[PDB]
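Shown next, in structure tokens, is the structure this report addresses.
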Amino acid sequence: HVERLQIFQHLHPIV
Amino acid sequence: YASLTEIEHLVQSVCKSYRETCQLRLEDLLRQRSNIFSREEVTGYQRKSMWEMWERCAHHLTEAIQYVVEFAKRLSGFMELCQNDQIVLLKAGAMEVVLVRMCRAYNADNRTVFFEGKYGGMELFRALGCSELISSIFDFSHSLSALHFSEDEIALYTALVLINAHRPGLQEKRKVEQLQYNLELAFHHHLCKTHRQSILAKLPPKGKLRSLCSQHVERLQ
Amino acid sequence: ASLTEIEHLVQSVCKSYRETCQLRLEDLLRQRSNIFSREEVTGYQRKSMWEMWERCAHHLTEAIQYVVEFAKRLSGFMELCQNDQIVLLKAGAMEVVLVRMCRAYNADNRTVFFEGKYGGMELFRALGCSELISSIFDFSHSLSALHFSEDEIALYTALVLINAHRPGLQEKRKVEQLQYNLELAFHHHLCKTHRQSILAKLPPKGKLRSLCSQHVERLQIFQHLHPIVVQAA
Ligand SMILES: CC(C)CCC[C@H](CCCC(C)(C)O)[C@H]1CC[C@H]2[C@@H]3CC=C4C[C@@H](O)CC[C@]4(C)[C@H]3CC[C@]12C
Ligand SMILES: CC(C)CCC[C@H](CCCC(C)(C)O)[C@H]1CC[C@H]2[C@@H]3CC=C4C[C@@H](O)CC[C@]4(C)[C@H]3CC[C@]12C
């Protein structure tokens with residue numbers, strides 16, 4: 001598994 | 001979906017999504033097969049510190065995962081999933097998709113992979129001190145090469161690697177199932193339209209993707 | 001509880017910022033004489049709004065990455081659960097980029113360091129939102145009046161992030177404990193450097209929020225009409 005954070009940073013790079 | 005024409009719209013959308021995010025174009029990988037590291041270039045890689053080789057590889061793997069995440073965001077109903085499930089699906093399956101995508105960069109004629117502009121064999125990674133891990137993934141790529149995976153087959157297959165309602169932690173498991181079942185039918189439908197239903201028995205077995213990636217997900221960064 | 005532990009927290013938060021400040025203060029100051037010429041500014045203004053949005057979205061995305069990296073290095077942040085880490089960074093990361101911007105803002109000529117040179121807000125004319133641009137240029141100008149040191153920025157942006165009142169936190173007590181220890185570090189360090197006078201001149205928590213809320217509306221309509229993908233560090 002990729003860490004949840006890195007995966008969030010790939011999902012929303014600007015949020 | 002409840003109609004076969006909507007499934008075909010799914011098939012085309014999944015394939016367009018992958019064409020837009022495949023990162024390395026197939027035709028460019030193929031022309032590049034004759035571009036191979038010299039002994040001197042391979043030696044330059046093997047003299048590098050494990051730390052430098054890990055930084056390079058972490059970089060290339062991060063960029064690869066980014067293209068996979070972009071692929072998922074374009075899958076037809078993935079963005080309708082709650083944010084928790086999108087993260088659960090991606091953290092469980094992005095490595096596996098990256099491993100499936102590697103077979104396009106893999107040349108079975110000489111057992112080399114496209115790495116940083118050229119093709120090289122597994123000895124390129126000697127400084128990592130991970131012979132069996134590296135050897136496991138060249139062999140797996142070698143198996144998938146035999147299937148002569150088309151781009152649409154890879155697209156449909158990696159969509160199912162990600163949209164797997166069995167991932168623990170899902171908050172809306174039923175929503176992912178509807179996504180998964182429709183993608184499965186799309187995959188089977190498309191394989192019949194191209195007379196390629198023979199691959200369905202040749203695919204990598206249950207948890208062979210998971211086991212290969214679970215052996216690699218253990219590293220200090 | 002001891003002042004030895006608070007001082008260590010100060011030193012650590014400051015070290016984290018130094019390693020994730022993205023642009024060295026020394027380099028930003030040395031580059032102040034490097035200003036875009038009238039023709040280069042015209043070249044930026046002739047650009048399409050979409051080309052300007054792609055560039056800006058790229059440089060902002062990179063800025064967020066450094067802020068995420070700074071968070072991960074804050075003592076105790078990685079001991080929060082994955083959900084609260086996400087909650088804090090999405091409520092706070094942009095507010096931190098707006099604060100960090102004042103290091104790259106030259107108050108003498110009202111320019112910002114953008115893509116290698118300094119230019120004024122006229123650089124961003126193609127975007128068609130001079131009101132939003134004026135707002136963040138004026139906010140930077142006010143913070144420049146304060147002469148934030150690098151360590152004041154470090155400690156202040158840590159508390160922008162580590163805010164126990166963000167909705168959706170699951171372990172609010174654990175964030176409360178983090179926020180308090182950071183407040184102690186910030187307040188103590190202001191006494192050690194005789195800078196207690198800036199506490200009352202900082203923008204209230206609502207102004208960062210209102211200023212970033214004004215932009216996130218334009219950023220989401222722009223991002224969904226065509227997105228962007230940027231390499232990490
Ligand atoms: C489960 C695997 C996917 C894990 C990655 C293996 C390997 C290095 C592992 C180093 C470690 C310390 C963990 O043992 C990585 C390093 C660089 C990667 C390639 C980078 C880019 C692409 C392009 C993409 O279009 C297809 C995939 C491919 C070829 C990556 C494959 C995996 C590589 C070799
Ligand atoms: C801080 C935000 C609340 C505001 C973003 C403003 C601006 C784009 C605005 C376009 C829009 C359509 C939304 O109106 C962005 C684009 C590029 C950004 C800079 C890039 C890099 C750095 C370095 C960093 O070390 C400090 C901040 C700074 C200077 C960014 C400031 C904000 C800029 C100009």
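Ordered as shown in the structure tokens, chains take letters A, B, and onward, while each chain numbers its residues from 1 and ligands are numbered from 1 in the order shown.
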Polymer residues at most 7 Å from stretch 82-98 of chain B, only C-alpha atoms, same-chain spacing of 4 or more positions, as a PDB file with C-alpha atoms, in the first residue's frame:
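around.pdb written:
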ATOM      1  CA  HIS A   1       0.000   0.000   0.000  1.00  0.00           C
ATOM      2  CA  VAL A   2       0.983   3.585  -0.689  1.00  0.00           C
ATOM      3  CA  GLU A   3       0.507   5.751   2.393  1.00  0.00           C
ATOM      4  CA  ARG A   4      -2.897   7.479   2.544  1.00  0.00           C
ATOM      5  CA  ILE A   7      -2.249   8.953  -2.319  1.00  0.00           C
ATOM      6  CA  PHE A   8      -4.189  12.030  -1.259  1.00  0.00           C
TER       7      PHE A   8
ATOM      8  CA  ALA B  64       4.347   6.298 -12.424  1.00  0.00           C
ATOM      9  CA  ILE B  65       1.865   6.187  -9.539  1.00  0.00           C
ATOM     10  CA  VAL B  68      -2.132   5.704 -12.430  1.00  0.00           C
ATOM     11  CA  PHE B  78     -14.459   6.445  -9.689  1.00  0.00           C
ATOM     12  CA  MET B 102       5.678  -2.386 -16.692  1.00  0.00           C
ATOM     13  CA  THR B 158      -5.814  -2.305 -14.782  1.00  0.00           C
ATOM     14  CA  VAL B 161      -7.125  -4.144 -10.567  1.00  0.00           C
ATOM     15  CA  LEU B 162      -8.183  -0.821  -9.031  1.00  0.00           C
ATOM     16  CA  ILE B 163     -11.979  -1.198  -8.877  1.00  0.00           C
ATOM     17  CA  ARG B 167     -10.270  -3.986  -0.609  1.00  0.00           C
ATOM     18  CA  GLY B 169     -11.691  -0.386   4.488  1.00  0.00           C
ATOM     19  CA  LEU B 170     -14.327   0.529   1.917  1.00  0.00           C
ATOM     20  CA  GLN B 171     -17.142   2.680   3.260  1.00  0.00           C
ATOM     21  CA  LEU B 209      -0.184  -9.164  -8.112  1.00  0.00           C
ATOM     22  CA  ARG B 210      -0.889  -8.651  -4.404  1.00  0.00           C
ATOM     23  CA  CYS B 213       3.638  -5.922  -4.528  1.00  0.00           C
TER      24      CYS B 213
END
Next on the checklist: Contacts from chain A to chain C, 7 Å maximum, only C-alpha atoms: show me the residue list as a PyMOL selection string.
Outcome noted: chain A and resi 4-5+13-15
Item to check | Cut-off 7 Å, only C-alpha atoms and all ligand atoms, neighbours of ligand 2 as JSON, numbers by chain | outcome: {"C": [21, 22, 23, 53, 56, 57, 59, 60, 63, 94, 95, 97, 98, 100, 101, 103, 104, 112, 113, 114, 127, 129, 132, 133, 136, 211, 212, 215, 216, 218, 219]}
Quick one: everything within 10 Å of residue C:144, counting only C-alpha atoms, minus sequence neighbours fewer than 5 positions away in the same chain. Send it as a PDB file with C-alpha atoms, in the first residue's frame.
ATOM      1  CA  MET C 101       4.366  34.290  -0.206  1.00  0.00           C
ATOM      2  CA  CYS C 102       5.520  37.357   1.752  1.00  0.00           C
ATOM      3  CA  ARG C 103       9.127  36.097   1.609  1.00  0.00           C
ATOM      4  CA  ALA C 104       9.044  36.406  -2.210  1.00  0.00           C
ATOM      5  CA  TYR C 105       7.231  39.759  -2.174  1.00  0.00           C
ATOM      6  CA  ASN C 106       9.306  42.920  -2.532  1.00  0.00           C
ATOM      7  CA  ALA C 107       7.486  45.764  -0.804  1.00  0.00           C
ATOM      8  CA  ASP C 108       9.796  48.469  -2.250  1.00  0.00           C
ATOM      9  CA  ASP C 138      -1.868  43.782  -0.386  1.00  0.00           C
ATOM     10  CA  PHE C 139      -1.891  41.008   2.215  1.00  0.00           C
TER      11      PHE C 139
END
Checklist entry - How would you write, as a ChimeraX atom specification, the set of residues no farther than 7 Å from ligand 1 when counting only C-alpha atoms and all ligand atoms? => result /B:22-24,54,57-58,60-61,64,95-96,98-99,101-102,104-105,113-115,128,130,133-134,137,212-213,216-217,219
How close does each residue of chain B get to chain C, giving the shortest atom pair and distance in Å to one decimal for every residue with an atom at most 10 Å away, counting only C-alpha atoms, sorted by chain and residue number, as CSV?
residue,atom,partner,partner_atom,distance
B:55,CA,C:233,CA,10.0
B:58,CA,C:233,CA,9.8
B:59,CA,C:232,CA,7.7
B:60,CA,C:231,CA,9.7
B:62,CA,C:232,CA,7.4
B:63,CA,C:231,CA,6.4
B:66,CA,C:229,CA,7.7
B:67,CA,C:229,CA,8.2
B:70,CA,C:229,CA,8.1
B:84,CA,C:83,CA,9.1
May I have the selected residues written with N, CA and C atoms, as a CSV table (one decimal), in the first residue's frame?
chain,number,residue,atom,x,y,z
B,55,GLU,N,16.8,6.7,-4.7
B,55,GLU,CA,16.2,8.0,-5.0
B,55,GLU,C,15.8,8.1,-6.4
B,58,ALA,N,12.6,5.7,-6.6
B,58,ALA,CA,11.5,6.3,-5.9
B,58,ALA,C,10.9,7.5,-6.8
B,59,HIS,N,11.8,8.2,-7.4
B,59,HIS,CA,11.3,9.3,-8.3
B,59,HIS,C,10.5,8.7,-9.4
B,60,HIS,N,11.0,7.8,-10.2
B,60,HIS,CA,10.3,7.2,-11.3
B,60,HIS,C,9.1,6.4,-10.9
B,62,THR,N,7.2,7.3,-8.2
B,62,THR,CA,6.3,8.3,-7.8
B,62,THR,C,5.6,8.8,-9.1
B,63,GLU,N,6.4,9.2,-10.1
B,63,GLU,CA,5.8,9.7,-11.3
B,63,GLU,C,4.8,8.6,-11.9
B,66,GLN,N,1.6,8.5,-10.1
B,66,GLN,CA,0.8,9.7,-10.4
B,66,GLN,C,0.0,9.5,-11.7
B,67,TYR,N,0.6,8.9,-12.7
B,67,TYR,CA,-0.2,8.6,-13.9
B,67,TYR,C,-1.3,7.6,-13.7
B,70,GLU,N,-4.1,9.5,-12.0
B,70,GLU,CA,-4.8,10.2,-13.1
B,70,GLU,C,-5.7,9.3,-13.9
B,84,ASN,N,-12.9,8.6,0.9
B,84,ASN,CA,-12.3,7.5,1.6
B,84,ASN,C,-12.0,6.3,0.6
Item to check | Residues within 9 Å of residue C:122, only C-alpha atoms, excluding chain neighbours under 3 positions, as a list in words | outcome: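 Skipping anything fewer than 3 positions along the chain leaves residues 41, 44, 45, 119, 125, 126 and 130 of chain C.
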Item to check | DSSP-assigned helix (DSSP H, G or I) members of chain A, reported as a VMD selection string | outcome: chain A and resid 4 to 11
Write out the residues from the selection above, keeping N, CA and C atoms, as a CSV table (one decimal), in the first residue's frame.
chain,number,residue,atom,x,y,z
A,4,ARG,N,-1.7,6.7,2.9
A,4,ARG,CA,-2.9,7.5,2.5
A,4,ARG,C,-2.6,8.9,2.1
A,5,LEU,N,-1.6,9.5,2.7
A,5,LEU,CA,-1.2,10.9,2.4
A,5,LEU,C,-0.7,11.1,1.0
A,6,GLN,N,0.4,10.4,0.7
A,6,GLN,CA,0.9,10.4,-0.7
A,6,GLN,C,-0.2,10.2,-1.7
A,7,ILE,N,-1.1,9.2,-1.5
A,7,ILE,CA,-2.2,9.0,-2.3
A,7,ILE,C,-3.2,10.1,-2.3
A,8,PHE,N,-3.4,10.8,-1.2
A,8,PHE,CA,-4.2,12.0,-1.3
A,8,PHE,C,-3.5,13.1,-2.1
A,9,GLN,N,-2.2,13.2,-2.0
A,9,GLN,CA,-1.4,14.2,-2.7
A,9,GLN,C,-1.4,14.0,-4.2
A,10,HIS,N,-1.6,12.7,-4.6
A,10,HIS,CA,-1.7,12.4,-6.0
A,10,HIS,C,-3.2,12.7,-6.5
A,11,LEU,N,-4.2,12.4,-5.6
A,11,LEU,CA,-5.5,12.8,-5.9
A,11,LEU,C,-5.8,14.3,-6.1
